[PDB]
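Form deposited in one PDB entry, single chain, as structure tokens, below.
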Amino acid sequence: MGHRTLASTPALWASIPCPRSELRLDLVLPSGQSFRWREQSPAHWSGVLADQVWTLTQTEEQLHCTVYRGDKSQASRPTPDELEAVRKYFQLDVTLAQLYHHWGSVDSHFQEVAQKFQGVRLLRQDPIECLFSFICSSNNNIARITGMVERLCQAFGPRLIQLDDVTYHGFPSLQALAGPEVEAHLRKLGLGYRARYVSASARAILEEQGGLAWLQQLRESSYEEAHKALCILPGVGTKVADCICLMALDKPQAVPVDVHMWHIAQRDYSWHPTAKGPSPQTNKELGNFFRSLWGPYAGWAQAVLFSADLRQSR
């Protein structure tokens, strides 16, 4: 079985109405939200959504989707149900045009970046995948996070399918990551101190917080409650808790502050603390600065600027 292109198997592609103004796969899938997507052919992005492999590509007005099923069933277009899982993952019910207008109307620098970086949306990620991917993100570059997440899934996620050279795994279950061998094994895969954070956080969610049920509860809770609750987990500080809140728990006002948002603040917003250096208090101020500027979807605005900085550094 090989990776499909819109050309190589036209009958196996289904279409979502979706202009490039609303979504640019090339500016979203490698922009450090999800670490699971690869451009395996020019303009074709392959990765795992909900334990199935997809390839996505786009024309001017359409998002084209194809799904590989690891069963013995005949190949077929995505069902309307499967298509809806893609629509929710890209949060296409949120119209980017109105947000881009608001952010540009209050912020000249954003206006400037936004011209070049259209269609940068926030993915709605699975909370487990989002939590453990960003535990892997601490003191780490995008290349090394992608590698660490890839090795974690290979080791502890179910094998789905092989396409050309690439073997795809689902994201590990809590049960898999709570296992007794996990920590040692993750240290062998170069996760370092993060190996223990993964094991201990999987055990803390299963044993103390009542499993997956908890992350659904946080999804339905306030930003303030969700952020506080996440911060009890080993390896989850303010930055990682904000990433999870923004990317998996529907808190669009979350502004994850680390060195990267500091660099944008100083370089592009001539910003200083009101200790001149990254601390809890100065990190909190910076987050409040961008919520005050951009409004209730501040974290979506940040995603645009992060997409730009990531692209313009390789």
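In this text, residue numbers run from 1 along the sequence as written. Here the rigid core means the biggest group of C-alpha atoms that line up within 1.5 Å when the two forms are laid on top of each other.
Of the two segments 207-215 and 127-135, the one whose CA positions lie farther from the displayed form in 4 other deposited structures of this protein, once all are superposed on the rigid core, is 207-215. Averaged over structures and residues, the CA distance from the shown form in 4 other deposited structures of this protein after a core fit is larger for 138-146, of the two stretches 232-240 and 138-146. When the other compared entries with both flanking residues are checked, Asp71 is unmodelled in at least a third. The question of which stretch, 64-72 or 256-264, has the higher mean Cα B factor is settled in favour of 64-72.
Of the two segments examined, 33-41 and 265-273, it is 265-273 that shows the higher average Cα temperature factor in the deposited entry. Reading the B-factor column for the CA atoms of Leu305, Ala298, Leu23, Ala11 in the entry, the top value corresponds to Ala11. Considering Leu49, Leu286, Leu27, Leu246 together, the PDB entry gives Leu49 the largest C-alpha B factor. When the modelled residues of the chain are ordered by their C-alpha B factor, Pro80 lands in the highest third. When the modelled residues of the chain are ordered by C-alpha B-factor, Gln281 sits in the highest third. Among all modelled residues in this chain, the alpha-carbon of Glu181 has a temperature factor (C-alpha) in the highest third. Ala200 sits in the lowest third of its chain by CA B factor, as recorded in the PDB entry. In the PDB entry, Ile232 places in the middle third of its chain by CA B-factor.
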